[PDB]
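Chains as they are written, first to last, in the deposited numbering: chain 6, 353 to 560, 566 to 661; chain 5, 246 to 274, 285 to 303, 312 to 490; chain 2, 169 to 689, 709 to 849, 860 to 900.
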Amino acid sequence: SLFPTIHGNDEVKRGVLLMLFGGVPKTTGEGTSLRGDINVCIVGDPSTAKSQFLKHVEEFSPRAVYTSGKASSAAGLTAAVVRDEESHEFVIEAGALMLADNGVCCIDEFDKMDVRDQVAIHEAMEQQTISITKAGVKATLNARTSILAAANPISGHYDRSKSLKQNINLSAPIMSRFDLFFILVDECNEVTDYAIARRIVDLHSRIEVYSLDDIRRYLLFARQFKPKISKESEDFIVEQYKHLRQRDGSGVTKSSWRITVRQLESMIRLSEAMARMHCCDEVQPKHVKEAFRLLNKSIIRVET
Amino acid sequence: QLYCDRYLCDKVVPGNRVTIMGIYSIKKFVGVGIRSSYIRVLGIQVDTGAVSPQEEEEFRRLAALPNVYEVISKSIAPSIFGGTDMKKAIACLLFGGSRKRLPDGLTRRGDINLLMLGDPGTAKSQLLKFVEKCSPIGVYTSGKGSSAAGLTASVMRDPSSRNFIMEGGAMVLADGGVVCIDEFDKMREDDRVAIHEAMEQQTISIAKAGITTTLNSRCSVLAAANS
Amino acid sequence: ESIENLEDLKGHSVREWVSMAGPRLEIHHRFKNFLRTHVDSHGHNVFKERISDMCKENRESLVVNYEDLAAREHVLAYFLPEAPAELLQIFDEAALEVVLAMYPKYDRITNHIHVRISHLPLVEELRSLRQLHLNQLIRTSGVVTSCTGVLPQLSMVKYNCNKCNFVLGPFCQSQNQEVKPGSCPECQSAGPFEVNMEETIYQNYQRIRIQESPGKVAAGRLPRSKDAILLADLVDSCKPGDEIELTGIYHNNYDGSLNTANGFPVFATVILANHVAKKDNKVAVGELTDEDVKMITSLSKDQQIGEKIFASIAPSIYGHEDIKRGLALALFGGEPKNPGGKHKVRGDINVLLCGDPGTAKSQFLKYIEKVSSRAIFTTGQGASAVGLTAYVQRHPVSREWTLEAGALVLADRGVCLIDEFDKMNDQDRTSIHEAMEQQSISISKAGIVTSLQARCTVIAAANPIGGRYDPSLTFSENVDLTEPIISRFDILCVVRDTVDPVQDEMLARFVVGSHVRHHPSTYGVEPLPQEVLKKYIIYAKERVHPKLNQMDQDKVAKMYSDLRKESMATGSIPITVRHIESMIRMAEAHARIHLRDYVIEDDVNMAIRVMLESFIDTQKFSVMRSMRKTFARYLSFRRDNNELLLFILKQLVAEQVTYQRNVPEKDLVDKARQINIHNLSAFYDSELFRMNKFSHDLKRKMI
Ligand SMILES: Nc1ncnc2c1ncn2[C@@H]1O[C@H](COP(=O)(O)OP(=O)(O)NP(=O)(O)O)[C@@H](O)[C@H]1O
Ligand SMILES: Nc1ncnc2c1ncn2[C@@H]1O[C@H](COP(=O)(O)OP(=O)(O)NP(=O)(O)O)[C@@H](O)[C@H]1O
Ligand SMILES: [Mg+2]
Ligand SMILES: [Mg+2]
Ligand SMILES: [Zn+2]
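Given below as structure tokens:
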């Protein structure tokens, strides 16, 4: 219902739906936050439907923002400092992530940021804040935002022989921020081309399971649930993450993602998002299984 | 704000450290029942040039004893181990040479300019912080914290009169003394260029905003930098 | 005399009611009784202690908590937000004559005492203030944007007659208009008059502008702001940039300028302040109670206090015990000093957390921001040289150049947190050299030539080149920072996300445990509660100043010399004195953690351990074995010394048993205080005396 124009890519549709549902944000005993929002990146050739996903998400959801990696203002994805002649004094112009605070920020052309935005994205993605300290303004600005990135691989075509790290220019600290990576590659299949053309044409002619208003109401209702983690699901999460780390250890010496604790917390958030989708009181092992399935396929298709 | 009267006028200059004895009182020509306050000075004490004869006798004795050079070198930065030749160079900088005016009117600077390039953690900044304290006139500046106008001189509009007036930079504030430029390599090139006249000619020639003068900058530049 | 009453029932308005003599006297008596009879939950007479702590320091200002004023006296809490000026005046009088009962000579110190109300529950967002709140007590929060200087304002003014010697009697000055006499009663001359500047009574005045905090609601919108007036002792309670919490009376008056600006009868508003707190300085030494000091000093008696404090830093982070140790030493800090009155050296300790992604470095910085007072946080390109140090600007109303505080000046006695430090620009990153060592920021700009104080501990986080740390290279070979900036960091920390399945299981189980524990709804020692830790830190940084008298000079010198020798062959940089002074600062910090007034050998051993373990961490992975053996064997990895105490105990027991056949714990500790083995507690928690069948009891003292 949310992606009728999209042909195939069921795993990507599921991942972005879980991004909409999101995980539970938490605060430690020492007043330090734990991130609840997940972040999803979609790498693909310019000929594929990566922009279509972002456009559908931003058309659907309220409070969301669409932006390019390049800035259409002095402020970009993050804030910038500008004088105003009403006082000849410095103030902060807000960026896309702040405008998307408590919402979704769809970022097309994610690979082509400026250095200022690319560095400030490190704090915004994980700490959910932007800490500006310049002349005339000191401010820790809030960016409690889920990011839906779309990226272009180097040389346009996604080279399957190369790893995903070799395909894109995103640095390893940036890649660790994302909870899910998805790959869209333009296959030369005749039936797929005919299906894409048919879907576009018959949808365009049609205009004259659930409606988007119903999905909006259900999503807003579902996001009020805060699923707990059952003991069996705790054991499932820790077992699967131990398995993931030792599997990565089997090929850690070669160039690889080199998995971190952020992916454990991504697994936790994805299981919580599954429980939120079904409005469950607590996370169950089946939710953990689905979350690990999506995450693990992301690991494998990043490595290969 | 201070108010100095009669013979207290010109008893102190900018950059001096003083103890002021006076009467805290209102000026008597946002909010309503507010009056600005100032101190009517009746005693100035420079906390640190008129020497007593006893002090002059002590200084003559110090100049007369044979190892005064080594005594001064040991006295400079006594907490700093080693670096004795650099301390001797700092002694030469502190005492300085003799200014000379030649028959054609050209003047030669007596001040000694001393650069300390080298490795970090080597007490260069501490030697600068000693010289600022020890020189009769001494101004400490960070190179990265400085600007061309702020070093040499600034031209600014007087708010109460609309005229453009002159403001002394560090090299004017240190006239007749030492400028300690710490982390000297961190300055931008255009700002290091500004001090070229003041280092050699010991003047700051200004032509800005219709005011055109040649301030004096008879001072020694002690600089510290890293590789 | 005027008779006592039930207060809450009346036909008047509240202001009129509390203005009348009868209920005014009743309110006075009630507040007097409340001060002289209120008790803590444990039964401690609260306001006797608070008045004694006020009169000791001559603070002439008594802070009262609404949340127990409402508990004790209901009607006073009822009238207070409704008629605050009148009730606060009555409270001031009652508090004054309570204080002059407790300390009868205190009128020599001050003739008037102000009651300051705290924890007012009717908090208001700053933009949500309306006409409904006028002339009522409110509480708001915001960042101070502007402050006037402290100015003298007329309070009780006597006017000299314009034509003769007579002084016209006192007029009580208002905040609305300048009170005036009109004409003199001795001779009815009129119009202008002279203030008697000597007999007129003035009061301190300071007008501040506060606006909404940038991260609170201003999500691209412009923030709203209000003016506030601080009087008497409330001046200098805050500065620009302070996230204050302000209680005050929301007061309004006619303003012709606003009327002509809006074209309507619009009245200006201002907050007459009654209490100023700060939302970062949640605890202060001026607010610590005797019970807080008692429980702090009881905690210091525990021999596990170092481990408890280390375990108490960022308790939701598994592992990283070396990081927690270094951060504790930096959080407590060393002792600044100036030997000879001519040579300054800093007391503050700087830390750098380098390592690969997903290792809680930024999380550590955020924890330090939360726990420590006067802390600030900045990141990478978000920071600038000028904003970090200090900035020169046209003043908004004067339009003359004015210097203003940057990051390291606003944190002049706190912690500046710089996340993603490797990603700053060089011109931004080199600006902190003077602040990091000489602890001043010297500015020569636009006619301003001055040096500001920046006595700030810098804690930074960074990634190596390429994001991932490679053990094949030294720290210097993959950090990309230079020697002048590396050497200014007292503690270097390296964190690596290397695979180890058992450790991964433990870490993952702890992370899942944290996630389920903190639902909205390596430690082995248990932490302190974080409130207790904040009180402990703020007590230790002010009430304790560790002195240095002996630290085994030859040991430290030998250690430093061969540390320099080994470093010459490899890739981290002990510049000559900074590492020696880092060890001195860390020993002082460990003494401060234990609340010691004097540094001991254990603190020196801890400092040496921290320095050497950090240095070993900076080596290549192949070189760590040889380096670790070199320093561990000779240079004082002083783990324990149980054998000497074992044979001392056995010797004393052998002599005692021989004497008996033809209080032993006292006999043991006598020889232990004679020989330099004084930390006997390790011997009692070690198995060496236990398998020799010895045991201890604090009561019986037999062994
Ligand atoms: N020979 C020395 N004797 C005494 N103290 C020294 C010596 N060398 C360095 N120090 C100390 O090392 C610390 C740093 O000294 P500093 O003055 O910054 O040297 P520096 O070379 O200017 N540092 P840098 O700005 O990085 O070049 C201070 O506490 C000095 O007292
Ligand atoms: N040992 C640990 N215990 C608990 N949480 C951890 C641990 N290690 C990492 N994390 C979590 O990992 C997440 C990322 O923390 P963060 O401080 O941003 O890592 P980082 O060191 O800054 N990585 P980077 O910003 O790329 O250099 C947070 O949610 C942390 O709680
Ligand atoms: Mg220096
Ligand atoms: Mg980080
Ligand atoms: Zn008269």
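The beta-carbon is built from N, C-alpha and C at its ideal position, and this holds for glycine as well.
I want to verify the contact list: residues of chain 6 whose CB lies under 7 Å from the CB of residue i, in sequence order.
i, result
"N631 (chain 2)", "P525"
"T546 (chain 2)", "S483, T485"
"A551 (chain 2)", "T485"
What residues from chain 2 crowd round residue i, counting only those whose CB sits closer than 7 Å?
i, result
"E441 (chain 6)", "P564"
"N489 (chain 5)", "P652"
"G606 (chain 6)", "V667"
"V331 (chain 5)", "Per Cβ cutoff of 7 Å: no residues; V331 (chain 5) is ~20 Å from chain 2 at best."
"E430 (chain 5)", "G615"
Below 6 Å CB to CB, which residues in the same chain sit around residue i once its five sequence neighbours on both sides are set aside?
i, result
"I271 (chain 5)", "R290, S292"
"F259 (chain 2)", "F199, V283"
"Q300 (chain 5)", "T264"
"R362 (chain 5)", "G373"
"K471 (chain 5)", "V418"
"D421 (chain 5)", "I428"
Say the cut is 7 Å; is the CB of residue i nearer than that to a heavy atom of ligand 2?
i, result
"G487 (chain 2)", "yes"
"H474 (chain 6)", "yes"
"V670 (chain 2)", "no"
"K529 (chain 2)", "yes"
"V680 (chain 2)", "no"
"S309 (chain 2)", "no"
"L402 (chain 2)", "no"
"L675 (chain 2)", "yes"
"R636 (chain 2)", "no"
Can you list the residues of chain 5 that residue i reaches, using a CB-CB cut of under 7 Å?
i, result
"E605 (chain 2)", "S388"
"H601 (chain 2)", "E446"
Verify the contact flag: residue i, CB atom, against every heavy atom of ligand 3, threshold strictly below 7 Å.
i, result
"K449 (chain 5)", "no"
"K387 (chain 5)", "yes"
"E455 (chain 2)", "no"
"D445 (chain 5)", "yes"
"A487 (chain 5)", "yes"
Given residue i, which residues of its chain have a CB within under 8 Å of its CB, disregarding the five upstream and five downstream residues?
i, result
"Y234 (chain 2)", "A245, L248, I285, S286, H287, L288, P289"
"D524 (chain 2)", "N631, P632, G635, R636, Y637, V663, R664, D665"
"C223 (chain 2)", "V267, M270, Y271, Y274, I277"
Please go through the same chain and pick out, in chain order, the residues whose beta-carbon is closer than 7 Å to the beta-carbon of residue i, but skip the five residues on each side of it.
i, result
"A416 (chain 5)", "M429, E430, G431, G432, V435, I467, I469, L478"
"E629 (chain 6)", "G375, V376, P584, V640"
Cβ closer than 8 Å: which chain 2 residues qualify as neighbours of residue i?
i, result
"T385 (chain 5)", "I762, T763"
"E622 (chain 6)", "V679, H683"
Check whether the Cβ of residue i sits closer than 7 Å to any heavy atom of ligand 4, and report yes or no.
i, result
"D587 (chain 2)", "yes"
"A629 (chain 2)", "yes"
Residue i touches chain 5 at which residues, Cβ-Cβ below 9 Å?
i, result
"residue 705 (chain 2)", "Between 689 and 709, chain 2 has no modelled residues, and residue 705 (chain 2) is one of the positions in that gap."
"residue 905 (chain 2)", "With chain 2 covering 169 to 900 only, the question about residue 905 (chain 2) has no answer from this structure."
"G508 (chain 2)", "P341, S342"
Looking at residue i and ligand 1, is the gap between the Cβ and the nearest heavy atom below 7 Å?
i, result
"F344 (chain 5)", "yes"
"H601 (chain 2)", "yes"
By the criterion of Cβ-Cβ separation under 9 Å, what are the contact partners of residue i in chain 2?
i, result
"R290 (chain 5)", "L319, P320, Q321, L322, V363, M365, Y370"
Any residue with its Cβ nearer than 7 Å to a heavy atom of ligand 5 should be included. What is that list in chain order? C329 (chain 2), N330 (chain 2), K331 (chain 2), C332 (chain 2), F334 (chain 2), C352 (chain 2), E354 (chain 2), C355 (chain 2), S357 (chain 2)
Any 3 or more C-beta pairs closer than 8 Å across the region 349-356 of chain 5 and the region 328-339 of chain 5: A contact exists between the region 349-356 of chain 5 and the region 328-339 of chain 5.
For the region 347-355 of chain 2 against the region 322-336 of chain 2, are there 3 or more C-beta pairs whose distance is under 8 Å? yes
Count Cβ pairs between the region 620-630 of chain 2 and the region 601-611 of chain 2 that sit closer than 8 Å; are there 3 or more? yes
Would the region 360-376 of chain 6 count as touching the region 478-488 of chain 6 if we require 3 or more Cβ pairs under 8 Å? no
Would the region 531-550 of chain 2 count as touching the region 385-405 of chain 5 if we require 3 or more Cβ pairs under 8 Å? no
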